[PDB]
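Engineer: Provided herewith is a single structure, encoded as structure tokens, for subsequent inquiry.
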Amino acid sequence: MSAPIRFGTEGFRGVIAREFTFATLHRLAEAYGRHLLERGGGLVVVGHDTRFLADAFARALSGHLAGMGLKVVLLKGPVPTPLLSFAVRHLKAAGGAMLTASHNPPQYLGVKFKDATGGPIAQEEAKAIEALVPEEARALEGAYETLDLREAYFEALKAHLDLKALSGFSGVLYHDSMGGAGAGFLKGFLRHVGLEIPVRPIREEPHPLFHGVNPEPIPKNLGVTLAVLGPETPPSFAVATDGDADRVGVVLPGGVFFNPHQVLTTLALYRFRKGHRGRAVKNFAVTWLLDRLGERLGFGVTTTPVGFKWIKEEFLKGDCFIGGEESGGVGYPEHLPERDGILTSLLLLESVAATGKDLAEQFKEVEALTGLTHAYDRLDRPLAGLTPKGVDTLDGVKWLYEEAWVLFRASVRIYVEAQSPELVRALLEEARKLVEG
């Protein structure tokens, strides 16, 4: 029969013109509209990133939903996922749909749904929408408004930043947009609040092929940025936002990569010292330095399986101050129960200005306070000369060691954290031979 449209951890994803076609988009639109009408209808906000035809798919989805009876607002131009999520809450909409494949290769596109709280829909809602996908659908049209909420988004951001402290930043901020939707948002925000902090753009021009790399802010896709920062000096640094800017990667002077674990713990420490209380939420693949920081300084740490839905559920409890993943996505409860790479970039900037220490130095302080050294890598039974100290199968299989951890996840992906990059590499080499044949 017709091609079954199965979702994959929130939303649908596929290769453009293969599984992700206008025909499939309209079937998904029908499912989503029926789902919303069953709950009272309302306003729906639609957005898209810079991927090829994302704009056309978004217009098609908007028209279809409008033709079904939903009030629709399509955000003007490519927008970061967090702006779409913000718009949903700001406009008091029943939900939102974002055309994006985030950090995935150029050929992919997908639809990611947000609920009224301005964050990813829960699994239960995802299943409900999936169940309503019809075998066949029509390219229904309808009238809708197209709005620009950039200014309002900037005003919302302002409310969660220490502008006085920010003005003290003495360096330059490089912003590698990777040809993605985060382009111009950092300069925009600063200009919006009259902060004369210089922002030097890198790959700012929107590009469906993201200038020849995957819009995932990791070393293999950051060659150009690692080069630009090579001869730079502290406290200047670069933030690289992914395709839809819900994630960020950092590059320091000398062309040194500052990973998600370093970003998350550095920001957790900074926010904690500013007085924020409650617990930090992290998925299963996040550094154990966060757990240690929490035990050392006095804040709880909740560990969840991989999937931001788990972090959002906890945020809505109202007793959290930060939530993060090993992929660069970080959420701030008092802002939105969503990953926001733009706010993450601005908080990193704030931390450097307020503390007077560049990111590398702030992380060194994290290592001092935790008493642990950090090294990490990912590749997709005792190992090396390490004596195991237990196993944890919350999500996948994690072998515990003294000062080292090895996680196997059959999504096979091997995540390793150890005291040195050399041990990390050795562990991966020995762990690998365990999945060979």
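Numbering starts fresh at 1 for the residues of each chain in the structure tokens, the chains themselves are lettered A, B, ... in the order given, and ligands are numbered from 1 as they appear.
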Do you know which residues are at most 8 Å from residue 349 of chain A counting only C-alpha atoms, after dropping those on the same chain fewer than 5 positions away, and could you put them as a list in words?

Structural biologist: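 So, after excluding close chain neighbours, the residues are residues 166, 169 and 173 of chain A.
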
Engineer: Hey, can you spit out that residue selection with C-alpha atoms as an mmCIF file, in the first residue's frame?

Structural biologist:
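Result saved to part_19.cif:
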data_model
loop_
_atom_site.group_PDB
_atom_site.id
_atom_site.type_symbol
_atom_site.label_atom_id
_atom_site.label_comp_id
_atom_site.auth_asym_id
_atom_site.auth_seq_id
_atom_site.Cartn_x
_atom_site.Cartn_y
_atom_site.Cartn_z
ATOM 1 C CA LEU A 166 27.819 41.857 28.840
ATOM 2 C CA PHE A 169 33.241 41.959 27.142
ATOM 3 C CA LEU A 173 32.861 37.356 18.965
#

Engineer: Name the residues in contact with segment 10-14 of chain A at a cut-off of 12 Å, using only C-alpha atoms, excluding same-chain residues fewer than 3 positions from it; report them as JSON, numbers by chain.

Structural biologist: {"A": [4, 5, 6, 7, 17, 18, 19, 20, 21, 22, 24, 25, 27, 28, 29, 31, 32, 96, 97, 98, 99, 100, 101, 102, 104, 105, 106, 107, 108, 109, 110, 111, 112, 113, 114, 115, 119, 120, 121, 122, 123, 124, 125, 126, 127, 128, 129, 130, 133, 307, 308, 309, 310]}

Engineer: A:197, A:91, A:375, A:252: which is nearest residue 286 of chain A, counting only C-alpha atoms?

Structural biologist: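 Comparing A:197, A:91, A:375, A:252 against residue 286 of chain A, the winner is A:375.
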
Engineer: Using only C-alpha atoms, which protein or nucleic acid residues come within 7 Å of residue 207 of chain A? Drop anything in the same chain fewer than 6 positions from it, and give the result as a ChimeraX atom specification.

Structural biologist: /A:50,179-180

Engineer: Store the residues picked out above in a file with N, CA, C and O atoms, as a short mmCIF file (atom, residue, chain, number, x, y, z; two decimals), in the first residue's frame.

Structural biologist:
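Result file selection.cif:
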data_model
loop_
_atom_site.label_atom_id
_atom_site.label_comp_id
_atom_site.auth_asym_id
_atom_site.auth_seq_id
_atom_site.Cartn_x
_atom_site.Cartn_y
_atom_site.Cartn_z
N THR A 50 17.15 27.08 6.46
CA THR A 50 17.68 27.43 5.14
C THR A 50 17.81 26.25 4.18
O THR A 50 18.35 26.41 3.08
N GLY A 179 26.01 28.66 7.27
CA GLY A 179 25.05 28.78 6.19
C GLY A 179 23.65 28.46 6.69
O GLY A 179 22.70 28.32 5.90
N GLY A 180 23.54 28.35 8.01
CA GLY A 180 22.28 28.03 8.65
C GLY A 180 21.45 29.22 9.09
O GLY A 180 21.80 30.37 8.86
#

Engineer: Rounded to one decimal, what separation in Å do you get between atom CA of residue 118 of chain A and atom CA of residue 94 of chain A?

Structural biologist: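 Atom CA of residue 94 of chain A lies 9.5 Å from atom CA of residue 118 of chain A.
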
Engineer: Could you pull out all residues of segment 6-196 of chain A with a DSSP call of strand (DSSP E) and give them as an MDAnalysis selection string?

Structural biologist: chainID A and resid 12:15 43:48 71:75 95:99 108:115 119:120 145:147 173:176

Engineer: Can you list, as a list in words, every protein, DNA or RNA residue that comes within 6 Å of segment 366-374 of chain A when you count only C-alpha atoms, leaving out same-chain residues fewer than 6 positions away?

Structural biologist: residues 292, 293 and 419 of chain A

Engineer: Looking only at the backbone, which of the residues in segment 114-322 of chain A does DSSP tag as helix (DSSP H, G or I), as a VMD selection string?

Structural biologist: chain A and resid 123 to 131 150 to 158 163 to 166 185 to 192 210 to 212 219 to 221 223 to 228 260 to 273 289 to 297 308 to 315

Engineer: Using only C-alpha atoms, which protein or nucleic acid residues come within 9 Å of residue 48 of chain A? Drop anything in the same chain fewer than 4 positions from it, and give the result as a list in words.

Structural biologist: residues 54, 55, 57, 58, 74, 75, 76, 77, 78, 79, 80, 81, 84, 97, 98, 99, 100, 181 and 244 of chain A
